[PDB]
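To start, the structure under review is shown below, and the notes come after it.
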Amino acid sequence: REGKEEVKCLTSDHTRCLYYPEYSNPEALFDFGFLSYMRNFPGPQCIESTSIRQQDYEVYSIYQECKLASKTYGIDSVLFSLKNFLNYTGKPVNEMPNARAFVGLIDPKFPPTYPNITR
Amino acid sequence: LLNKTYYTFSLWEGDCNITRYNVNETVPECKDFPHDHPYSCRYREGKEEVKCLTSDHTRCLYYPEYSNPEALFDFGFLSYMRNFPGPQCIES
Amino acid sequence: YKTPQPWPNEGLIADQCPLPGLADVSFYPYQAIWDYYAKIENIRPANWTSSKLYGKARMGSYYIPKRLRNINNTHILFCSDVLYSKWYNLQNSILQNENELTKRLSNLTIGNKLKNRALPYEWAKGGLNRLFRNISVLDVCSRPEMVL
Ligand SMILES: *[C@@H]1O[C@H](CO)[C@@H](O[C@@H]2O[C@H](CO)[C@@H](O[C@@H]3O[C@H](CO[C@H]4O[C@H](CO)[C@@H](O)[C@H](O)[C@@H]4O)[C@@H](O)[C@H](O[C@H]4O[C@H](CO)[C@@H](O)[C@H](O)[C@@H]4O)[C@@H]3O)[C@H](O)[C@H]2NC(C)=O)[C@H](O)[C@H]1NC(C)=O
Ligand SMILES: *[C@@H]1O[C@H](CO)[C@@H](O[C@@H]2O[C@H](CO)[C@@H](O)[C@H](O)[C@H]2NC(C)=O)[C@H](O)[C@H]1NC(C)=O
Ligand SMILES: *[C@@H]1O[C@H](CO)[C@@H](O)[C@H](O)[C@H]1NC(C)=O
Ligand SMILES: *[C@@H]1O[C@H](CO)[C@@H](O)[C@H](O)[C@H]1NC(C)=O
Ligand SMILES: *[C@@H]1O[C@H](CO)[C@@H](O)[C@H](O)[C@H]1NC(C)=O
Ligand SMILES: *[C@@H]1O[C@H](CO)[C@@H](O)[C@H](O)[C@H]1NC(C)=O
C-alpha cells in the first residue's frame, strides 16, 4: 500500500504526464504467484469463497444426436442443420483454437428443424 | 557511409556538462521526490591504472578509467523508449 | 443452466498466473490470461483514470469485458478435449481413444442427455467423474473462458 492515486504533470506539454499508481507494481518479481502456489516457502495466504450459481446442470452430446438423427432423415440434411446450429453466433466454433473454444448463445432451439432436402 | 550529419546519444559522464551530483538541477522530471525504476536519473572513477604485484608479468591486473556496468546491458534500449526519465545528451 | 446467473464481479483477482517480465520478450511461455490484463504505463495523458475506461477493477489486476457477462445468455457450448478424464491419455493411439470414447458414450447416455453419473459432483448431485474431470486452480492461466 502506497499513497493515493496521483497524477503529476509540471511540464508545459500536457500530452505526456507522470502517473503515480495507488499500489506497488513489482514487475521485477514476476514469478511470485507460481512459486507461492507450490508452497516452496512460507508466506501470506488469503482465500475467500464466493457463490455465483445454484441448482443442477444438464449436458447434451452432439455426437449421439448425429448418430440418432441420421437414421430417420439421412446424413446430408442432419449435418447441414447441425453446422448451421453450430455457427449461430456468427463465428464458427470448430475453427476456434482448442484451448479457447468456449461461447454461449441466447435461446436456441435444439434439435433444429431438419429440411427434407432431396438427393 | 551515408550520414551528412552526426549525432551522439550517450550517458557517459563528462558529456553535456553532466556530473554525478548535478542531476537534480539538470533534469526537471526528477525534481520530485524519488518515491520508480532503478535506472531512473542514474561513472567517472580514477585514472587509467595497471597494477601487477605478482612476479609473473604475463598476467597482470588492469583498472579501467571508466566504469563497466555490464550487469545493466539494457540501459540504452530502454532509455530510448522514454520509459523512465533520466539524463539525455545530444550533440550535432 | 437451471436459471441465468452471470459473473457479478468486474475484476478477477487471481495471482497464480506469472506476469510479463521487464523484457519485451516473454521469458516464460505465453499465458492466455494476458489477453485480459491491464498494463501499467509510466507516461499518462491528462486526467486518465481506471473508472473512465477500465471500470472499478484496480490496476494490475484482470478486467473482464462486457460480452463475457450477460444476464440474457442461457446456453454454453464447447468443442474441446481438455475436460476429458484420466482415461484419455494422449500418448495412446487415436484409434484406441476413438474406440473407448464410442464405447463410453453409449453406456452413459440415455437418449441424447448425459446421466448424472458422468458429470462432476460439483456440477450436479450424484456425479462420479466417469466422463468429465474436475477443474483445478492452476487451470486458469490458459483457459480463462472455462473458469469464467
Ligand atoms: C543519420 O541521419 C539520420 C537522419 O538525419 C539521423 O536520424 C536523426 O537523428 C536525430 C538525432 O537524434 C533525430 O533528431 C532528434 O529529434 C528529436 C525529436 O524532435 C522532435 O520533437 C518535437 C516535439 O516533440 C517535434 O514536434 C518535432 O517534430 C521534432 O522533430 C529531438 O528531441 C532530438 O533532440 C532535440 O531536442 C533536444 C532537447 O530535448 C535538444 O537538446 C537537441 O539539440 C534537439 O533539438 C533530436 O534532434 C532525428 O529525428 C533523426 N531523423 C531524422 C530524419 O533526422 C541519424 O541519427 C544519423 N545517424 C547517425 C548520426 O549515426
Ligand atoms: C473431484 O471432485 C470430487 C468432489 O468435488 C472429489 O470427490 C471427493 O473425494 C474425496 C476423496 O477423494 C472424498 O473425501 C469426498 O467425499 C468426495 N466428494 C464428494 C463425494 O462429494 C473427487 O475426489 C475429485 N477428483 C479428483 C481427481 O480431483
Ligand atoms: C457462419 O455464419 C456467418 C454469419 O455471421 C457467415 O458469414 C459464415 O459464412 C458462416 N460460415 C459457414 C456457413 O461456414
Ligand atoms: C560546458 O559549457 C561550456 C559553456 O557553457 C562549454 O564551453 C563546454 O564545452 C561545455 N562542456 C561540454 C562537455 O560540452
Ligand atoms: C440481452 O437480452 C435482452 C432481452 O430483452 C435484450 O434487451 C438485450 O439487448 C440483450 N443484450 C445483448 C448484449 O444482446
Ligand atoms: C455400464 O457400466 C456399468 C459399470 O460402469 C456396467 O455394470 C454395465 O454392465 C455397463 N453396461 C450397461 C448397459 O449398463
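Chain labels follow the order of the C-alpha cells: the first chain is A, the next B, and so on; residue numbering restarts at 1 in every chain, and ligands are counted from 1 in their shown order.
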
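Identified as lying at most 9 Å from ligand 5 when counting only C-alpha atoms and all ligand atoms are the residues residues 106 of chain A; 66, 67, 70, 71, 72 and 73 of chain C.
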
- Item | Shell around segment 16-31 of chain B at 9 Å using only C-alpha atoms, local window under 3 positions removed, as a ChimeraX atom specification | /A:10-11,18 /B:12-13,34,40-44,85-91

- Give the residues of chain C that lie within 12 Å of chain B; count only C-alpha atoms, and format the answer as a PyMOL selection string. chain C and resi 22-24+40-44

- For chain A, which of C:64, C:147, C:124, C:32 is the closest residue, counting only C-alpha atoms?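 Nearest to chain A: C:124.
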
- At most 12 Å from ligand 6 (only C-alpha atoms and all ligand atoms): residue list as a PyMOL selection string: chain C and resi 103-110+115+117-118+128-131

- Message: Just list as a PyMOL selection string whatever in chain C DSSP marks as alpha helix (DSSP H).
- Response: chain C and resi 50-53+94-107+144-147

Give me a file of those residues, with C-alpha atoms, as a PDB file, in the first residue's frame.
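The result, stored in out28.pdb:
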ATOM      1  CA  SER C  50      -9.415   3.450 -14.498  1.00  0.00           C
ATOM      2  CA  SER C  51     -13.031   4.409 -13.768  1.00  0.00           C
ATOM      3  CA  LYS C  52     -13.325   6.107 -17.167  1.00  0.00           C
ATOM      4  CA  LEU C  53     -12.417   3.015 -19.215  1.00  0.00           C
ATOM      5  CA  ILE C  94      -6.043 -42.113 -31.907  1.00  0.00           C
ATOM      6  CA  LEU C  95      -7.859 -45.348 -32.769  1.00  0.00           C
ATOM      7  CA  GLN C  96      -7.868 -46.524 -29.147  1.00  0.00           C
ATOM      8  CA  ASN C  97      -9.168 -43.167 -27.913  1.00  0.00           C
ATOM      9  CA  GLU C  98     -11.912 -43.135 -30.552  1.00  0.00           C
ATOM     10  CA  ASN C  99     -12.997 -46.688 -29.725  1.00  0.00           C
ATOM     11  CA  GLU C 100     -13.004 -46.033 -25.976  1.00  0.00           C
ATOM     12  CA  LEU C 101     -14.985 -42.806 -26.381  1.00  0.00           C
ATOM     13  CA  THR C 102     -17.508 -44.557 -28.630  1.00  0.00           C
ATOM     14  CA  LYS C 103     -17.927 -47.371 -26.100  1.00  0.00           C
ATOM     15  CA  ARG C 104     -18.273 -44.958 -23.170  1.00  0.00           C
ATOM     16  CA  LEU C 105     -20.740 -42.591 -24.853  1.00  0.00           C
ATOM     17  CA  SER C 106     -23.311 -45.409 -25.166  1.00  0.00           C
ATOM     18  CA  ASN C 107     -23.476 -46.787 -21.618  1.00  0.00           C
ATOM     19  CA  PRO C 144      -9.944 -18.269 -18.720  1.00  0.00           C
ATOM     20  CA  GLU C 145     -13.223 -18.859 -20.559  1.00  0.00           C
ATOM     21  CA  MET C 146     -13.906 -22.150 -18.766  1.00  0.00           C
ATOM     22  CA  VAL C 147     -13.368 -20.741 -15.278  1.00  0.00           C
TER      23      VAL C 147
END

- Item | Long-range neighbours of residue 115 of chain A as a VMD selection string, 9 Å cut-off, only C-alpha atoms, 4 positions minimum in chain | chain A and resid 73 77 to 78 81

- Item | Protein and nucleic acid residues within 6 Å of ligand 3 (only C-alpha atoms and all ligand atoms) as a PyMOL selection string | chain A and resi 87+90-92

- Task: Dump the neighbourhood of ligand 2 as a ChimeraX atom specification: all residues within 6 Å, distances computed on only C-alpha atoms and all ligand atoms.
- Result: /C:121-122,134

Which chains and residue numbers are within 10 Å of ligand 1, counting only C-alpha atoms and all ligand atoms, if I want them as a short mmCIF file (atom, residue, chain, number, x, y, z; two decimals) with N, CA, C and O atoms, in the first residue's frame?
data_model
loop_
_atom_site.label_atom_id
_atom_site.label_comp_id
_atom_site.auth_asym_id
_atom_site.auth_seq_id
_atom_site.Cartn_x
_atom_site.Cartn_y
_atom_site.Cartn_z
N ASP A 13 3.91 20.88 -21.69
CA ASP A 13 3.22 19.98 -22.60
C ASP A 13 2.39 18.97 -21.80
O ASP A 13 2.94 18.20 -21.00
N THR A 15 0.54 16.58 -23.20
CA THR A 15 0.39 15.32 -23.90
C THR A 15 1.00 14.17 -23.12
O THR A 15 0.41 13.08 -23.02
N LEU B 1 28.61 5.54 -43.65
CA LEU B 1 28.97 5.93 -45.00
C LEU B 1 27.97 6.85 -45.69
O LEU B 1 28.24 7.29 -46.81
N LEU B 2 26.82 7.15 -45.07
CA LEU B 2 25.80 7.94 -45.74
C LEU B 2 25.30 9.15 -44.97
O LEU B 2 24.78 10.08 -45.60
N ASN B 3 25.43 9.18 -43.64
CA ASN B 3 25.12 10.39 -42.90
C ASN B 3 25.90 11.60 -43.40
O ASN B 3 27.12 11.56 -43.57
N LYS B 4 25.16 12.68 -43.63
CA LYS B 4 25.73 14.01 -43.81
C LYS B 4 25.72 14.82 -42.52
O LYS B 4 26.17 15.97 -42.53
N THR B 5 25.21 14.26 -41.43
CA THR B 5 25.19 14.91 -40.13
C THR B 5 25.37 13.85 -39.05
O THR B 5 24.87 12.73 -39.18
N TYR B 6 26.09 14.20 -37.99
CA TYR B 6 26.47 13.26 -36.94
C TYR B 6 25.83 13.68 -35.62
O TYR B 6 25.88 14.86 -35.25
N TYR B 7 25.24 12.72 -34.92
CA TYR B 7 24.62 12.95 -33.63
C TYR B 7 25.13 11.91 -32.63
O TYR B 7 25.53 10.81 -33.00
N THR B 8 25.10 12.29 -31.35
CA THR B 8 25.58 11.42 -30.29
C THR B 8 24.50 11.27 -29.23
O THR B 8 23.92 12.27 -28.79
N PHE B 9 24.22 10.03 -28.84
CA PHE B 9 23.27 9.71 -27.79
C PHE B 9 23.98 8.85 -26.75
O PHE B 9 24.07 7.62 -26.91
N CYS B 16 27.88 16.79 -22.09
CA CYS B 16 26.81 17.77 -21.90
C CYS B 16 26.89 18.43 -20.52
O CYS B 16 25.87 18.83 -19.96
N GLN B 88 19.89 13.00 -20.71
CA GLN B 88 19.87 12.91 -22.17
C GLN B 88 20.87 13.91 -22.73
O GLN B 88 20.81 15.10 -22.40
N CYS B 89 21.79 13.42 -23.56
CA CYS B 89 22.83 14.25 -24.15
C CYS B 89 22.84 14.06 -25.65
O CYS B 89 23.08 12.95 -26.14
N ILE B 90 22.57 15.14 -26.39
CA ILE B 90 22.55 15.12 -27.85
C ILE B 90 23.42 16.27 -28.35
O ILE B 90 23.25 17.41 -27.92
N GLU B 91 24.36 15.96 -29.24
CA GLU B 91 25.22 16.96 -29.86
C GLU B 91 25.26 16.71 -31.36
O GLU B 91 25.34 15.56 -31.80
N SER B 92 25.22 17.78 -32.15
CA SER B 92 25.14 17.70 -33.60
C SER B 92 26.48 18.06 -34.22
O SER B 92 27.07 19.09 -33.87
#

- Task: Compute the set of chain C residues within 6 Å of chain A, using only C-alpha atoms, and express it as a list in words.
- Result: residues 1, 5, 15, 16, 18, 19, 21, 43, 44, 45, 73, 74, 75, 76, 77, 78, 80, 112, 113, 114 and 124 of chain C

- Task: Between atom CA of residue 58 of chain B and atom CA of residue 70 of chain B, measure the distance and give it in Å to one decimal.
- Result: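 Atom CA of residue 70 of chain B lies 25.6 Å from atom CA of residue 58 of chain B.
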
- Message: As an exercise, work out the distance from atom CA of residue 6 of chain C to atom CA of residue 148 of chain C in Å and give it to one decimal place.
- Response: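 One can read the atom CA of residue 6 of chain C to atom CA of residue 148 of chain C distance as 9.0 Å.
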
- Message: Going by DSSP on the backbone, which residues of segment 4-111 of chain A come out as strand (DSSP E or B)? List them as number ranges by chain.
- Response: A: 6-8, 17-20, 60, 103-105

Would you mind exporting N, CA and C atoms of the selected residues as a compact mmCIF listing (two decimals), in the first residue's frame?
# COMPACT_ATOMS: atom_id res chain seq x y z
N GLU A 6 -2.31 9.21 -7.98
CA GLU A 6 -1.72 10.52 -8.19
C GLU A 6 -1.42 10.74 -9.67
N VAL A 7 -1.63 11.98 -10.11
CA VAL A 7 -1.19 12.43 -11.42
C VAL A 7 -0.39 13.71 -11.24
N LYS A 8 0.87 13.66 -11.66
CA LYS A 8 1.77 14.79 -11.52
C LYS A 8 2.27 15.18 -12.90
N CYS A 17 2.45 13.06 -19.36
CA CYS A 17 2.37 13.44 -17.96
C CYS A 17 2.69 12.23 -17.10
N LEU A 18 3.08 12.49 -15.85
CA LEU A 18 3.52 11.44 -14.94
C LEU A 18 2.34 10.91 -14.13
N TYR A 19 2.31 9.60 -13.93
CA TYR A 19 1.25 8.93 -13.20
C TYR A 19 1.83 8.06 -12.09
N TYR A 20 1.37 8.30 -10.86
CA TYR A 20 1.77 7.50 -9.71
C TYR A 20 0.60 6.61 -9.31
N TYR A 60 -25.92 -32.04 -23.06
CA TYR A 60 -26.28 -32.84 -24.22
C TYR A 60 -25.06 -33.05 -25.10
N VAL A 103 -18.12 -20.55 -25.92
CA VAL A 103 -19.01 -19.48 -26.35
C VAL A 103 -20.44 -19.86 -25.98
N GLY A 104 -21.27 -18.84 -25.74
CA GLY A 104 -22.65 -19.06 -25.38
C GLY A 104 -23.63 -18.45 -26.38
N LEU A 105 -24.90 -18.80 -26.20
CA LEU A 105 -25.98 -18.39 -27.09
C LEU A 105 -27.09 -17.71 -26.31
